[PDB]
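Raw contents of query-v2.cif, mmCIF, N, CA and C atoms:
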data_start
loop_
_atom_site.label_atom_id
_atom_site.label_comp_id
_atom_site.auth_asym_id
_atom_site.auth_seq_id
_atom_site.Cartn_x
_atom_site.Cartn_y
_atom_site.Cartn_z
N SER A 22 93.15 150.63 79.18
CA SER A 22 94.43 151.00 79.81
C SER A 22 95.13 149.81 80.41
N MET A 23 96.45 149.92 80.54
CA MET A 23 97.20 148.86 81.15
C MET A 23 96.90 148.80 82.65
N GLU A 24 96.61 149.95 83.27
CA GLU A 24 96.25 149.98 84.72
C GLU A 24 94.96 149.11 84.99
N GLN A 25 93.93 149.33 84.17
CA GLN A 25 92.69 148.53 84.20
C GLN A 25 92.95 147.04 84.05
N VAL A 26 93.69 146.65 83.02
CA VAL A 26 94.19 145.26 82.93
C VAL A 26 94.88 144.65 84.16
N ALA A 27 95.80 145.41 84.75
CA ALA A 27 96.52 144.94 85.96
C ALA A 27 95.54 144.70 87.14
N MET A 28 94.54 145.56 87.25
CA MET A 28 93.52 145.45 88.28
C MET A 28 92.69 144.21 88.05
N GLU A 29 92.40 143.96 86.78
CA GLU A 29 91.69 142.74 86.34
C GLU A 29 92.44 141.46 86.62
N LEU A 30 93.74 141.51 86.47
CA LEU A 30 94.59 140.37 86.81
C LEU A 30 94.58 140.09 88.33
N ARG A 31 94.58 141.14 89.14
CA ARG A 31 94.47 141.03 90.62
C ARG A 31 93.11 140.43 91.01
N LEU A 32 92.03 140.87 90.38
CA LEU A 32 90.65 140.32 90.62
C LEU A 32 90.59 138.85 90.27
N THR A 33 91.17 138.51 89.13
CA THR A 33 91.28 137.12 88.71
C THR A 33 92.07 136.28 89.67
N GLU A 34 93.21 136.78 90.13
CA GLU A 34 93.96 136.01 91.11
C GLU A 34 93.21 135.85 92.47
N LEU A 35 92.51 136.88 92.89
CA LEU A 35 91.68 136.79 94.10
C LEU A 35 90.61 135.72 93.89
N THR A 36 90.04 135.70 92.68
CA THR A 36 89.00 134.77 92.34
C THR A 36 89.51 133.37 92.44
N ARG A 37 90.74 133.10 91.94
CA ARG A 37 91.33 131.76 92.07
C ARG A 37 91.52 131.33 93.53
N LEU A 38 92.05 132.21 94.34
CA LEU A 38 92.27 131.92 95.76
C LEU A 38 90.92 131.66 96.47
N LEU A 39 89.92 132.51 96.20
CA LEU A 39 88.57 132.35 96.79
C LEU A 39 87.87 131.06 96.35
N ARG A 40 88.08 130.62 95.12
CA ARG A 40 87.57 129.35 94.70
C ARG A 40 88.12 128.18 95.53
N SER A 41 89.42 128.21 95.85
CA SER A 41 90.01 127.19 96.68
C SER A 41 89.53 127.34 98.16
N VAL A 42 89.40 128.57 98.64
CA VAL A 42 88.90 128.79 99.99
C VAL A 42 87.49 128.17 100.04
N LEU A 43 86.67 128.44 99.03
CA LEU A 43 85.29 127.97 99.01
C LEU A 43 85.23 126.46 99.05
N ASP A 44 86.10 125.81 98.27
CA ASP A 44 86.14 124.31 98.27
C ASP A 44 86.52 123.72 99.58
N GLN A 45 87.48 124.33 100.24
CA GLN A 45 87.89 123.94 101.54
C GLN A 45 86.80 124.15 102.59
N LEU A 46 86.05 125.24 102.46
CA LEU A 46 84.96 125.53 103.45
C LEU A 46 83.83 124.54 103.27
N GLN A 47 83.52 124.28 102.02
CA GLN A 47 82.47 123.38 101.72
C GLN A 47 82.75 121.93 102.17
N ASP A 48 84.02 121.52 102.20
CA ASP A 48 84.38 120.18 102.68
C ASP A 48 84.12 120.06 104.15
N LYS A 49 84.00 121.18 104.85
CA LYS A 49 83.61 121.15 106.23
C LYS A 49 82.11 120.97 106.46
N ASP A 50 81.38 120.66 105.39
CA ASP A 50 79.91 120.50 105.39
C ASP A 50 79.61 119.24 104.60
N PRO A 51 80.13 118.07 105.06
CA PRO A 51 79.99 116.82 104.25
C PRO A 51 78.53 116.38 104.08
N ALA A 52 77.70 116.74 105.06
CA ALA A 52 76.27 116.50 104.96
C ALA A 52 75.54 117.33 103.89
N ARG A 53 76.20 118.36 103.34
CA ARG A 53 75.59 119.24 102.35
C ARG A 53 74.33 120.01 102.82
N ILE A 54 74.32 120.35 104.10
CA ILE A 54 73.22 121.14 104.67
C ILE A 54 73.15 122.55 104.05
N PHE A 55 74.32 123.09 103.72
CA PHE A 55 74.48 124.49 103.18
C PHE A 55 74.79 124.65 101.68
N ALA A 56 74.71 123.52 100.94
CA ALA A 56 74.97 123.46 99.49
C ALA A 56 74.06 124.27 98.62
N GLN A 57 72.79 124.37 98.99
CA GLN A 57 71.80 125.00 98.12
C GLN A 57 70.90 125.98 98.90
N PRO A 58 70.29 126.94 98.23
CA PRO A 58 69.35 127.79 98.96
C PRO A 58 68.25 127.03 99.70
N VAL A 59 67.86 127.54 100.86
CA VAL A 59 66.65 127.00 101.52
C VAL A 59 65.47 127.12 100.51
N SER A 60 64.77 126.01 100.30
CA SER A 60 63.58 125.99 99.40
C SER A 60 62.32 126.73 99.96
N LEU A 61 61.81 127.72 99.25
CA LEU A 61 60.59 128.40 99.67
C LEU A 61 59.37 127.51 99.50
N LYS A 62 59.47 126.53 98.61
CA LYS A 62 58.45 125.48 98.56
C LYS A 62 58.39 124.71 99.88
N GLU A 63 59.52 124.29 100.45
CA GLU A 63 59.53 123.52 101.73
C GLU A 63 59.58 124.31 103.10
N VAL A 64 59.97 125.59 103.03
CA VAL A 64 59.92 126.51 104.18
C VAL A 64 59.29 127.77 103.66
N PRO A 65 57.94 127.72 103.46
CA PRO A 65 57.28 128.86 102.83
C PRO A 65 57.40 130.15 103.62
N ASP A 66 57.60 130.07 104.92
CA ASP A 66 57.71 131.29 105.76
C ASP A 66 59.17 131.84 105.86
N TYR A 67 60.12 131.24 105.10
CA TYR A 67 61.57 131.47 105.41
C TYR A 67 61.92 132.95 105.38
N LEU A 68 61.41 133.66 104.38
CA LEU A 68 61.78 135.06 104.19
C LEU A 68 61.13 136.02 105.21
N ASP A 69 60.15 135.56 105.98
CA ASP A 69 59.65 136.33 107.11
C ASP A 69 60.67 136.29 108.24
N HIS A 70 61.52 135.25 108.27
CA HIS A 70 62.53 135.04 109.31
C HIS A 70 63.88 135.59 108.93
N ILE A 71 64.32 135.26 107.75
CA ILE A 71 65.68 135.53 107.32
C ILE A 71 65.64 136.50 106.12
N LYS A 72 66.25 137.66 106.33
CA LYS A 72 66.22 138.73 105.31
C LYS A 72 67.20 138.60 104.15
N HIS A 73 68.37 138.04 104.42
CA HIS A 73 69.38 137.82 103.38
C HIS A 73 69.84 136.33 103.41
N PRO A 74 69.07 135.44 102.78
CA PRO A 74 69.48 134.02 102.59
C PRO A 74 70.80 133.87 101.84
N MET A 75 71.56 132.86 102.22
CA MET A 75 72.80 132.60 101.54
C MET A 75 73.06 131.11 101.60
N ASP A 76 73.87 130.63 100.67
CA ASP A 76 74.20 129.20 100.54
C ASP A 76 75.45 129.08 99.63
N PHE A 77 76.06 127.92 99.58
CA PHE A 77 77.34 127.76 98.86
C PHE A 77 77.15 127.86 97.34
N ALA A 78 76.01 127.42 96.81
CA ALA A 78 75.78 127.53 95.37
C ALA A 78 75.66 128.98 94.90
N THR A 79 74.97 129.79 95.70
CA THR A 79 74.82 131.20 95.42
C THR A 79 76.22 131.90 95.51
N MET A 80 77.03 131.54 96.50
CA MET A 80 78.39 132.07 96.60
C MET A 80 79.20 131.72 95.33
N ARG A 81 79.08 130.46 94.90
CA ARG A 81 79.81 129.97 93.78
C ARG A 81 79.41 130.71 92.49
N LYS A 82 78.13 131.01 92.31
CA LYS A 82 77.68 131.80 91.14
C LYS A 82 78.31 133.20 91.15
N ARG A 83 78.29 133.84 92.30
CA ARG A 83 78.91 135.13 92.45
C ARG A 83 80.43 135.12 92.15
N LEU A 84 81.11 134.11 92.65
CA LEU A 84 82.52 133.95 92.47
C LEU A 84 82.88 133.83 91.00
N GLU A 85 82.15 133.03 90.25
CA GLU A 85 82.47 132.81 88.84
C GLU A 85 82.16 133.99 87.91
N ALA A 86 81.31 134.91 88.33
CA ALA A 86 81.20 136.20 87.72
C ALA A 86 82.26 137.18 88.28
N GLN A 87 83.27 136.67 89.00
CA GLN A 87 84.25 137.54 89.73
C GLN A 87 83.59 138.63 90.51
N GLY A 88 82.57 138.29 91.28
CA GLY A 88 81.76 139.28 91.99
C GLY A 88 82.19 139.57 93.41
N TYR A 89 83.25 138.91 93.90
CA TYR A 89 83.90 139.32 95.15
C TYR A 89 85.17 140.23 94.91
N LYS A 90 85.08 141.48 95.32
CA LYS A 90 86.19 142.44 95.09
C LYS A 90 87.28 142.25 96.11
N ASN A 91 86.95 141.64 97.27
CA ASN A 91 87.90 141.43 98.37
C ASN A 91 87.47 140.27 99.29
N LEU A 92 88.34 139.86 100.20
CA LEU A 92 88.01 138.73 101.11
C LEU A 92 86.92 139.11 102.07
N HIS A 93 86.87 140.38 102.48
CA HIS A 93 85.83 140.85 103.41
C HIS A 93 84.41 140.50 102.89
N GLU A 94 84.15 140.81 101.64
CA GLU A 94 82.87 140.51 100.96
C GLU A 94 82.50 139.00 100.97
N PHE A 95 83.48 138.17 100.67
CA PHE A 95 83.33 136.75 100.66
C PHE A 95 83.05 136.21 102.07
N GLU A 96 83.80 136.67 103.04
CA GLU A 96 83.51 136.32 104.45
C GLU A 96 82.14 136.74 104.96
N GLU A 97 81.68 137.92 104.55
CA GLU A 97 80.32 138.38 104.88
C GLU A 97 79.28 137.34 104.44
N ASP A 98 79.42 136.83 103.21
CA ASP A 98 78.49 135.83 102.65
C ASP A 98 78.64 134.50 103.43
N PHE A 99 79.85 134.08 103.76
CA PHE A 99 80.03 132.85 104.52
C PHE A 99 79.39 132.99 105.91
N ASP A 100 79.63 134.12 106.53
CA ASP A 100 79.01 134.38 107.83
C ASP A 100 77.47 134.39 107.78
N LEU A 101 76.85 134.90 106.68
CA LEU A 101 75.41 134.82 106.51
C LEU A 101 74.92 133.38 106.54
N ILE A 102 75.67 132.47 105.87
CA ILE A 102 75.26 131.04 105.85
C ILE A 102 75.09 130.51 107.29
N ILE A 103 76.11 130.81 108.11
CA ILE A 103 76.18 130.32 109.47
C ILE A 103 75.14 131.02 110.33
N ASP A 104 75.14 132.33 110.22
CA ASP A 104 74.35 133.16 111.12
C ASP A 104 72.85 132.96 110.90
N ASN A 105 72.45 132.78 109.65
CA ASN A 105 71.06 132.57 109.27
C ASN A 105 70.58 131.27 109.88
N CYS A 106 71.43 130.27 109.78
CA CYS A 106 71.09 128.93 110.26
C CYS A 106 70.92 128.91 111.80
N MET A 107 71.81 129.59 112.51
CA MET A 107 71.75 129.67 113.95
C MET A 107 70.62 130.53 114.50
N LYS A 108 70.01 131.36 113.66
CA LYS A 108 68.85 132.09 114.07
C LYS A 108 67.57 131.26 113.79
N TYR A 109 67.46 130.72 112.59
CA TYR A 109 66.23 129.98 112.17
C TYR A 109 66.05 128.68 112.92
N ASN A 110 67.15 127.96 113.14
CA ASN A 110 67.09 126.67 113.79
C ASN A 110 67.46 126.71 115.27
N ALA A 111 66.84 125.86 116.07
CA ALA A 111 67.14 125.80 117.50
C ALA A 111 68.44 125.11 117.77
N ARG A 112 69.00 125.44 118.91
CA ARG A 112 70.26 124.84 119.39
C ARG A 112 70.35 123.32 119.38
N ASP A 113 69.25 122.66 119.71
CA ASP A 113 69.24 121.20 119.76
C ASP A 113 69.00 120.48 118.41
N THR A 114 69.27 121.14 117.29
CA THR A 114 68.99 120.56 115.97
C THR A 114 70.22 120.18 115.22
N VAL A 115 70.07 119.21 114.33
CA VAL A 115 71.18 118.85 113.45
C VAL A 115 71.66 120.07 112.59
N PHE A 116 70.75 120.93 112.21
CA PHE A 116 71.11 122.10 111.38
C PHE A 116 71.99 123.07 112.14
N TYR A 117 71.56 123.40 113.35
CA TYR A 117 72.32 124.41 114.16
C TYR A 117 73.68 123.86 114.45
N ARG A 118 73.73 122.59 114.86
CA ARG A 118 75.03 122.00 115.19
C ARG A 118 75.99 121.91 113.99
N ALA A 119 75.43 121.66 112.82
CA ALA A 119 76.24 121.67 111.58
C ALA A 119 76.84 123.07 111.30
N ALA A 120 76.07 124.13 111.61
CA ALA A 120 76.57 125.50 111.47
C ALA A 120 77.70 125.77 112.46
N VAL A 121 77.55 125.33 113.71
CA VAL A 121 78.58 125.54 114.69
C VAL A 121 79.89 124.89 114.19
N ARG A 122 79.80 123.70 113.65
CA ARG A 122 80.98 122.97 113.24
C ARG A 122 81.67 123.59 112.00
N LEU A 123 80.86 124.09 111.08
CA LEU A 123 81.33 124.82 109.88
C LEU A 123 82.05 126.11 110.26
N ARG A 124 81.47 126.86 111.20
CA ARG A 124 82.08 128.05 111.75
C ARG A 124 83.46 127.78 112.38
N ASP A 125 83.49 126.80 113.27
CA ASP A 125 84.73 126.48 114.01
C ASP A 125 85.86 126.04 113.09
N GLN A 126 85.52 125.12 112.21
CA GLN A 126 86.42 124.60 111.22
C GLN A 126 86.78 125.56 110.12
N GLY A 127 85.80 126.32 109.66
CA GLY A 127 86.05 127.35 108.65
C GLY A 127 86.95 128.48 109.12
N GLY A 128 86.85 128.83 110.40
CA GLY A 128 87.72 129.84 111.04
C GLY A 128 89.23 129.62 110.86
N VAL A 129 89.63 128.35 110.87
CA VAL A 129 91.03 127.93 110.62
C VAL A 129 91.44 128.34 109.21
N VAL A 130 90.59 127.97 108.25
CA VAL A 130 90.85 128.19 106.83
C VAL A 130 90.95 129.70 106.53
N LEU A 131 89.98 130.44 107.05
CA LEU A 131 89.90 131.89 106.86
C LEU A 131 91.04 132.66 107.52
N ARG A 132 91.55 132.11 108.61
CA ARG A 132 92.65 132.72 109.31
C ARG A 132 93.90 132.81 108.38
N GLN A 133 94.15 131.74 107.60
CA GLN A 133 95.30 131.70 106.72
C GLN A 133 95.01 132.40 105.38
N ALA A 134 93.78 132.25 104.87
CA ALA A 134 93.38 132.96 103.67
C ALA A 134 93.60 134.46 103.88
N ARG A 135 93.32 135.01 105.07
CA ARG A 135 93.49 136.44 105.29
C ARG A 135 94.96 136.82 105.15
N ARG A 136 95.83 135.96 105.67
CA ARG A 136 97.28 136.15 105.53
C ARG A 136 97.70 136.01 104.05
N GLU A 137 97.15 135.03 103.30
CA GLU A 137 97.49 134.87 101.86
C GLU A 137 97.04 136.05 100.94
N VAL A 138 95.90 136.65 101.26
CA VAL A 138 95.35 137.78 100.49
C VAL A 138 96.11 139.09 100.76
N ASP A 139 96.50 139.29 102.02
CA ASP A 139 97.47 140.34 102.42
C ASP A 139 98.82 140.08 101.74
N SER A 140 99.40 138.91 102.05
CA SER A 140 100.76 138.52 101.60
C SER A 140 100.96 138.64 100.08
N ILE A 141 100.17 137.93 99.28
CA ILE A 141 100.25 138.04 97.80
C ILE A 141 99.58 139.32 97.23
N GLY A 142 98.92 140.12 98.06
CA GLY A 142 98.36 141.40 97.63
C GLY A 142 97.09 141.18 96.85
#
Any chance you could give the structure as C-alpha coordinates?
Amino acid sequence: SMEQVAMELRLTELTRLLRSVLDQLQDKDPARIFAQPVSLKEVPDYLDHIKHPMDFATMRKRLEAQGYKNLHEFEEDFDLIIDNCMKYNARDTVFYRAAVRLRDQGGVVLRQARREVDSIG
(Lines of atoms letter the chains of each structure in order from A and count residues from 1; the text may use other names and numbers.)
(Lines give C-alpha, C1' and ligand atoms only; values in the text may rest on other atoms or scores of the structure.)
Protein backbone atom coordinates (compact mmCIF):
# COMPACT_ATOMS: atom_id res chain seq x y z
CA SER A 1 0.00 0.00 0.00
CA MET A 2 0.98 3.59 -0.49
CA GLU A 3 0.18 4.24 3.24
CA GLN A 4 2.82 1.58 4.24
CA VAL A 5 5.36 3.21 1.91
CA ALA A 6 4.75 6.69 3.39
CA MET A 7 5.29 5.26 6.90
CA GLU A 8 8.52 3.70 5.66
CA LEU A 9 9.69 7.03 4.32
CA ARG A 10 9.02 8.62 7.79
CA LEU A 11 11.05 5.77 9.48
CA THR A 12 13.86 6.35 7.03
CA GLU A 13 13.88 10.07 7.67
CA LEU A 14 13.88 9.46 11.46
CA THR A 15 16.78 7.08 10.89
CA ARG A 16 18.76 9.79 9.08
CA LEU A 17 18.18 12.33 11.86
CA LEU A 18 19.07 9.72 14.56
CA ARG A 19 22.29 8.85 12.75
CA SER A 20 23.38 12.49 12.98
CA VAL A 21 22.20 12.72 16.63
CA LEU A 22 24.27 9.59 17.36
CA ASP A 23 27.41 11.09 15.74
CA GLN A 24 27.04 14.25 17.69
CA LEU A 25 26.56 12.32 20.98
CA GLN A 26 29.50 10.14 20.32
CA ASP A 27 31.78 13.19 19.75
CA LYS A 28 31.06 14.02 23.34
CA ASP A 29 33.01 10.83 24.26
CA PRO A 30 36.44 11.52 22.66
CA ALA A 31 38.05 8.97 24.98
CA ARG A 32 35.80 6.25 23.46
CA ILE A 33 34.82 4.88 26.89
CA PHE A 34 31.28 4.08 25.53
CA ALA A 35 32.16 2.97 21.94
CA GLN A 36 31.89 -0.77 22.49
CA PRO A 37 30.14 -3.22 24.81
CA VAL A 38 31.78 -3.87 28.18
CA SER A 39 33.87 -7.07 27.64
CA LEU A 40 32.68 -10.12 29.66
CA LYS A 41 36.20 -11.45 29.25
CA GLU A 42 37.57 -8.38 31.19
CA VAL A 43 34.57 -7.81 33.60
CA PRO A 44 33.36 -11.36 34.04
CA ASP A 45 30.85 -10.35 36.76
CA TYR A 46 29.32 -7.47 34.66
CA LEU A 47 25.93 -9.06 34.06
CA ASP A 48 25.43 -9.73 37.81
CA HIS A 49 25.54 -5.90 38.15
CA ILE A 50 24.01 -4.51 35.01
CA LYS A 51 20.89 -6.11 33.51
CA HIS A 52 20.65 -4.22 30.20
CA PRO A 53 24.18 -3.32 28.88
CA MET A 54 24.35 -0.70 26.17
CA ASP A 55 27.05 1.03 24.11
CA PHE A 56 27.32 3.18 20.94
CA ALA A 57 28.18 0.27 18.62
CA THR A 58 25.10 -1.67 19.69
CA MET A 59 22.98 1.51 19.17
CA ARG A 60 24.50 1.93 15.72
CA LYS A 61 23.62 -1.68 14.72
CA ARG A 62 20.04 -1.12 15.80
CA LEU A 63 19.86 2.19 13.93
CA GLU A 64 21.03 0.71 10.63
CA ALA A 65 18.35 -1.96 10.78
CA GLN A 66 15.95 1.07 11.29
CA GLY A 67 15.16 -0.38 14.70
CA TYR A 68 14.28 2.90 16.44
CA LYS A 69 10.54 3.71 15.80
CA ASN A 70 10.79 7.05 17.68
CA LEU A 71 13.20 9.36 19.58
CA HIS A 72 11.95 8.07 22.94
CA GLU A 73 13.38 4.58 22.16
CA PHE A 74 16.73 6.00 21.09
CA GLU A 75 16.98 8.17 24.22
CA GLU A 76 16.19 5.16 26.42
CA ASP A 77 19.27 3.39 24.95
CA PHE A 78 21.46 6.52 25.39
CA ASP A 79 20.31 6.85 28.97
CA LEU A 80 21.22 3.16 29.61
CA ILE A 81 24.81 3.92 28.50
CA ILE A 82 25.07 6.69 31.10
CA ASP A 83 23.03 5.13 33.84
CA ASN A 84 24.80 1.74 33.69
CA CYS A 85 28.17 3.43 33.97
CA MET A 86 27.15 5.56 36.98
CA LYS A 87 25.91 2.50 38.83
CA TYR A 88 28.87 0.13 38.09
CA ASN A 89 31.61 2.69 38.57
CA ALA A 90 32.31 4.86 41.62
CA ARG A 91 32.04 8.62 41.64
CA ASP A 92 35.80 9.15 41.87
CA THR A 93 36.59 7.27 38.60
CA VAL A 94 37.47 8.34 35.12
CA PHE A 95 34.50 6.21 33.86
CA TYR A 96 31.84 7.81 36.07
CA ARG A 97 33.10 11.29 35.30
CA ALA A 98 33.07 10.58 31.54
CA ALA A 99 29.37 9.55 31.89
CA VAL A 100 28.54 12.76 33.74
CA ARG A 101 30.12 14.80 30.95
CA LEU A 102 28.35 12.82 28.16
CA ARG A 103 25.02 13.31 29.94
CA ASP A 104 25.49 17.07 30.40
CA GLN A 105 26.71 17.66 26.89
CA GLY A 106 24.34 15.20 25.26
CA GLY A 107 21.35 16.93 26.94
CA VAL A 108 21.97 20.00 24.71
CA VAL A 109 21.88 17.89 21.54
CA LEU A 110 18.76 15.95 22.60
CA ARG A 111 16.94 19.12 23.56
CA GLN A 112 17.02 20.30 19.90
CA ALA A 113 16.61 16.82 18.36
CA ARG A 114 13.27 16.59 20.26
CA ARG A 115 12.19 19.87 18.63
CA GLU A 116 13.40 18.62 15.15
CA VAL A 117 11.49 15.28 15.43
CA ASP A 118 8.29 17.12 16.50
CA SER A 119 8.84 19.95 13.95
CA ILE A 120 9.56 17.80 10.82
CA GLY A 121 7.11 15.12 12.09
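Computed from the coordinates, the atom CA of residue A:47 to atom CA of residue A:104 distance equals 15.8 Å.
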Best match for closeness to residue A:87 among A:62, A:72, A:133, A:32, counting all atoms listed in the file: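 Using all atoms listed in the file, residue A:87 sits closest to A:32.
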Distance in Å - atom CA of residue A:125 versus atom CA of residue A:141: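 Separating atom CA of residue A:125 from atom CA of residue A:141 is a distance of 25.2 Å.
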Counting only N, CA and C atoms, the option among A:74, A:50, A:38, A:105 closest to residue A:122: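 Answer, going by the shortest atom-to-atom distance: A:50.
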DSSP-assigned alpha helix (DSSP H) among chain A, expressed as a PyMOL selection string: chain A and resi 23-47+67-70+77-85+92-109+115-140
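In this comparison, which uses all atoms listed in the file, the residue of A:78, A:92, A:127, A:142 approaching residue A:39 most closely is A:92.
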Ground truth for the PyMOL selection byres ((chain A and resi 80-84) around 8), written as a count of residues only: 18
Atomic separation - atom CA of residue A:116 relative to atom CA of residue A:66, Å: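 Rounded to one decimal, the two atoms are 17.2 Å apart.
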Selected residue of minimal separation from residue A:53 among A:71, A:30, A:106, A:119, counting only C-alpha atoms: A:119
Nearest to residue A:108 by atom-to-atom distance, counting only C-alpha atoms, from A:70, A:126, A:91, A:34: A:70
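Distance annotation: of A:117, A:140, A:123, A:135, the residue with the minimal separation from residue A:46 is A:123; atom set is all atoms listed in the file.
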